[PDB]
């Protein structure tokens, strides 16, 4: 496996600016800021790629505009708005914030149990995948349910999702693979398997269209790189350092790999050797 080096490791357990408490999700921003859903502190934290905090937003609570254990975050490429999913009254809740972090609106998602994966398409549609009843939902910026399709026959437990142009690649945490769907919802094929991609919890798609699938089975961060059609190209690991368990996977334009060490309350930015 090709080694990965630590380019930046930032965060520690706490409440202070730049600290985390069990962060469950992250994304990249319009300017590829590292944007973290700092779950147990009820806030979003926005960083540059060397871990410098730009700003944070979020007050703990269940009022509209407040955050309550936010676990997933995405940014709308065309206007910088944040899409944040947390726990509302009883069930999951989706809220839209401005690029300043100001509450704009709540999107009713009573048809979703758990948001296990969150992404935004090129056209500006919000994609949320449910892990309990495996289902994909495509949602407009103004809250319209544009499309949904059932994937329970083809998936066990979704854990992340990525989109390239118009197909959906869904991480199957308990299926040990990625499931590929069209925008139609028509299933196409799977990428990976239990040998290489064990308990995958992160996926992103390189510019070239390759599929990067992250896992931390051996308590070290491992990445498998597949072609768009499912041919294993390479594997990556951090052999010279003992990386913790991680979740999520995003590729920066430089080719750096970003993941979240949820159980150790920090972000990792990695480069290939």
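Numbering follows the first chain given and starts at 1.
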If you take the mean CA temperature factor per stretch, which one wins between 245-253 and 13-21?
245-253
Can you tell me which stretch has the higher mean Cα B-factor, 212-220 or 35-43?
212-220
Going by the CA temperature factor in the entry, name the top one among 228, 54, 49, 62.
228
In terms of recorded Cα temperature factor, pick the maximum from 99, 125, 77, 71.
77
By the recorded C-alpha temperature factor, relative to the other modelled residues in its chain, which third is residue 180 in?
highest
Just say lowest, middle or highest third for the CA B-factor of residue 202 relative to the other modelled residues in its chain.
lowest
Consider only the C-alpha atoms of the modelled residues in this chain, order them by B-factor as the entry records it, and name the third containing residue 270: lowest, middle or highest.
lowest
Among modelled residues of the same chain, the CA temperature factor third for residue 94
lowest
Entry-reported Cα temperature factor of residue 30, expressed as the chain third it lands in:
middle
